[PDB]
Amino acid sequence: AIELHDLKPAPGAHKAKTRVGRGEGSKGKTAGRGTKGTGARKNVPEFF
Amino acid sequence: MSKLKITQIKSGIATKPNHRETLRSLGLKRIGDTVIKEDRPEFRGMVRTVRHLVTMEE
Amino acid sequence: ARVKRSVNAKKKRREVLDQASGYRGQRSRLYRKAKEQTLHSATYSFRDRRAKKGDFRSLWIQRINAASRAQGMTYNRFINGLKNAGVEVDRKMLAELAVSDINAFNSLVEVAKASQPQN
Amino acid sequence: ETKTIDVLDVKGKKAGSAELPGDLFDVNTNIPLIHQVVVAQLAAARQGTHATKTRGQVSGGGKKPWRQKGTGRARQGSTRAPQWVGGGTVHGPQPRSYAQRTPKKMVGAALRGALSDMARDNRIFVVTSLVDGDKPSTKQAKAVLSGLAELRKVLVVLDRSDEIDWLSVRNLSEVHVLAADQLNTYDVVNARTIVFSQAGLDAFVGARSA
Amino acid sequence: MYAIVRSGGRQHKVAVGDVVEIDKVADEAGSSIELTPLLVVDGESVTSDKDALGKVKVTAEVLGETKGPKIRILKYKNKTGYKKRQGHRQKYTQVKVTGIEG
RNA sequence: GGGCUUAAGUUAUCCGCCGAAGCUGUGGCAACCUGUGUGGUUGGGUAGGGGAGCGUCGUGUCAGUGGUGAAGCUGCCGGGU
Ligand SMILES: [Mg+2]
Ligand SMILES: [Mg+2]
Ligand SMILES: [Mg+2]
Ligand SMILES: [Mg+2]
Ligand SMILES: [Mg+2]
Ligand SMILES: [Mg+2]
Ligand SMILES: [Mg+2]
Ligand SMILES: [Mg+2]
Ligand SMILES: [Mg+2]
Ligand SMILES: [Mg+2]
Ligand SMILES: [Mg+2]
Ligand SMILES: [Mg+2]
Ligand SMILES: [Mg+2]
Ligand SMILES: [Mg+2]
Ligand SMILES: [Mg+2]
Ligand SMILES: [Mg+2]
Ligand SMILES: [Mg+2]
Ligand SMILES: [Mg+2]
Ligand SMILES: [Mg+2]
Ligand SMILES: [Mg+2]
Ligand SMILES: [Mg+2]
Ligand SMILES: [Mg+2]
Ligand SMILES: [Mg+2]
């Protein structure tokens, strides 16, 4: 007699997706990349 | 043993890390905070190290 | 699931335009310009809620100084006399006494005069 | 717990008896497990035919709108750039499948727990059949209302020629009809009671039993 | 007849029948509290010393809990992206002065 | 800056006071530690790391609700860190 509205996930099983670049109260603006440089825009290869 | 009475009269800002750690070891945490320590040479040494930041009594 | 921004977006704009409802020029009409002034308004209000203590203490001290100098006693000697006499009536109640009950303030002045070190 | 219990076959009034095997119809109801299985079920049910055109797929926009310098305008590379009205969508939806590869043991157990919860709550009835001879919806509406309430599940399993019961209960709109080889956790949880046909219960037990 | 009294590190000039905005106290509404007096003035008669102020009792009763104005803090610093929103209400307690008995 | 040597200048010394978001008093909030009756410590903050949430749209389920007026828009009176 659970009924579909009593089904909930275990606590901690569904971590909230972090949404980046959505205001300075979170990972806003630079989006966790800092300022300028290669890493500001793409990446650096692991073999480099 | 005369139970030294030490109170902080100046802030630890801009003091040397030596002095700040000496204050922490003495247990003083704010300006006006008072601690009681034994008349032991180590505590006399801490007091003379931070003598410009604290006052001592008996 | 395409989402249109307007219904959610207007809420902060209405809040800020309400908060800026006495400002001059663009500061009360335009959300972006009102937003800049609300930052300054909040900073000024926070700073002034803490400077208000000092402002009112200064006003009380000036009024006490005037009232005690009317009795031939400076503010510093008056306060030292009260401290020595052990009367812990504060700058605020003392100023209210000076404005309202000048006779009670003068009695306190006599108390301070008697409690002076006389040295 | 693995207790096998006994329910009584009805056919309206009374008939023989049927056994609930216990190893299924009496197990734990792992709510998180059931939730995951049901969510995966609905995700598989999703169709996901949604798409947008990127700046490369929007018509036109091949040439630079104007010179890079000298015009006093911002540097633009295409009229279909995402910041333009009528330009491409940057990270809009693309067609995809939402099916999740839930393990067999997880899916089956969730089904066992969902069945077991209302087996312990006494919401499974077993009937020899509904309707006799030719097939109406009035008859079974009665058989089920005599059973209890109207948020129902029916099992008739007989996938090829149980047209009588299937077509009788097909049009109730508060009855969900299934073959025993398609019980699935979503429907079991959604059901407030299950009524098995005798053959339906027998075939489900035969398909899965220890 | 009035009294300079103290309550919760803040002083008031109270008189019998006055309503005073006191810092929140645990005593329940309708009960009575004693406000410590620091001065008494009965008209050209000023009681100020501790020994006599010990004998005088300012008695008052609790009326209810009232909230202050809603304060909106927005800490902000330019060119850093820093903001911090906060609010405050600062509940107090009504008091009615019932008597200053010497 | 006004003005100041009739110091409101320099200097020695004594007695007071002013003075910060420092300290203390009072009221509220929060993080952490600790034996878990207490209490202790802490809470400026950019890049950045961690944690917990608000609001919008779609949707399963249950409970609903709506021309005796939904959505949206717009006043007033309130509420929350
Ligand atoms: Mg930032
Ligand atoms: Mg920005
Ligand atoms: Mg980073
Ligand atoms: Mg950058
Ligand atoms: Mg940049
Ligand atoms: Mg750089
Ligand atoms: Mg970098
Ligand atoms: Mg790296
Ligand atoms: Mg590569
Ligand atoms: Mg002056
Ligand atoms: Mg192209
Ligand atoms: Mg231009
Ligand atoms: Mg190009
Ligand atoms: Mg298009
Ligand atoms: Mg800077
Ligand atoms: Mg202060
Ligand atoms: Mg402080
Ligand atoms: Mg304090
Ligand atoms: Mg912080
Ligand atoms: Mg701090
Ligand atoms: Mg940061
Ligand atoms: Mg209706
Ligand atoms: Mg809508």
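Residue numbers begin at 1 in each chain, while the letters A, B, ... track the order of the sequences.
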Options D:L151, D:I31, D:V38, ranked by heavy-atom pairs under 4.5 Å with chain A, top entry: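 That would be D:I31.
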Where does A:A10 contact chain D at under 4.5 Å (heavy atoms): side chain, backbone, both or neither?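 Both backbone and side chain.
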Once rounded to the nearest 0.5 Å, what's the spacing between atom [atom1] of [X] and atom [atom2] of [Y]?
X	Y	atom1	atom2	result
A:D6	D:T29	CG	OG1	12.0 Å
A:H14	D:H35	NE2	NE2	7.5 Å
A:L4	D:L42	CG	CG	7.5 Å

Is it the backbone or the side chain of D:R192 that comes under 4.5 Å from a heavy atom of chain A, or both, or neither?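 Side chain only.
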Smallest separation among heavy atoms of D:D117 and A:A1, with atom names: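 Heavy atoms of D:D117 and A:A1 come nearest at OD2-N, 2.6 Å.
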Is it true that, when you exclude [X] itself, more than 12 heavy atoms of the residues, nucleotides or ligands shown sit nearer than 6.0 Å to its [atom1]?
X	atom1	answer
D:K64	NZ	yes
D:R120	CZ	yes
D:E1	CD	yes
D:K53	NZ	no

